There are 2 protein chains.
Amino acid sequence: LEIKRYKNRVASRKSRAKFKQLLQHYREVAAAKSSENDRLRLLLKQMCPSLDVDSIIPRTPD
Amino acid sequence: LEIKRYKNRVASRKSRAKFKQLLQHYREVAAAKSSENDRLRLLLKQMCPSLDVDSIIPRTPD
DNA sequence: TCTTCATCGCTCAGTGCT
DNA sequence: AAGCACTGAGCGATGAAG
């Protein structure tokens with residue numbers, strides 16, 4: 001019946017790792033998009049300085 | 001003692017809730033910025049159709 | 001009714017901070 | 001030094017899928 005415990009242990013390890021990695025994934029996505037967002041906003045202001053950038057599209061945290 | 005167990009049980013609950021809440025937070029942030037990213041990219045194409053899309057800022061998936 | 005396994009709550013044994 | 005909040009992880013109970 002020790003096998004039942006080892007199988008049980010492995011599953012737990014996988015589940016916890018899956019959640020931790022999912023956490024990092026949304027972090028990596030948010031970081032990458034945030035970088036673009038900053039890159040895009042400036043380039044938009046450069047081409048069309050008269051347009052209000054933060055007025056039409058609010059800057060979302062973080 | 002029972003006291004040691006009860007405090008740690010509450011702490012464990014708080015800890016699991018903290019991570020779950022952290023995940024939702026990073027999800028909500030990732031979604032919002034992705035939304036902003038799309039909102040920005042579109043407004044860019046409308047104002048300057050001549051500009052090359054994905055060239056200056058590569059469009060990451062998700 | 002009985003496996004199989006993903007999730008998770010309880011517990012132990014630390015870890016880090018002060 | 002030593003109490004405190006916090007958490008990694010083994011364990012067992014539960015849920016969900018076959």
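Worth knowing before you read on, the calculation uses all heavy atoms, side chains too, and leaves out hydrogens, waters and symmetry mates. To find a chain, count down the sequence lines: A is the first, B the second, and so on, and within it residues start at 1.
Here CG of B:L44 is found 6.5 Å from CG of A:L40. Values are rounded to the nearest 0.5 Å. Separation of atoms CZ (B:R41) and CD (A:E36) is listed at 5.0 Å; rounding is to 0.5 Å.
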Q: Take B:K33 and A:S34, measure what side-chain hydrogen bond (donor to acceptor under 3.5 Å, both in side chains) needs, and give me the verdict at the end.
A: CA-CA 6 Å; B:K33 288 182 177 173; A:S34 187; 3.1 Å; yes
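Contact between A:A30 and B:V29 at its shortest, heavy atoms only, is CB-CG1, 4.0 Å. When all heavy atoms of A:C48 and B:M47 are compared, the pair lying nearest together is SG-CB, 3.8 Å.
The shortest distance between side-chain heavy atoms of A:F19 and B:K20 falls below 4.5 Å. Residues B:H25 and A:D62 have side chains in contact (heavy-atom distance under 4.5 Å, counting atoms from C-beta outward).
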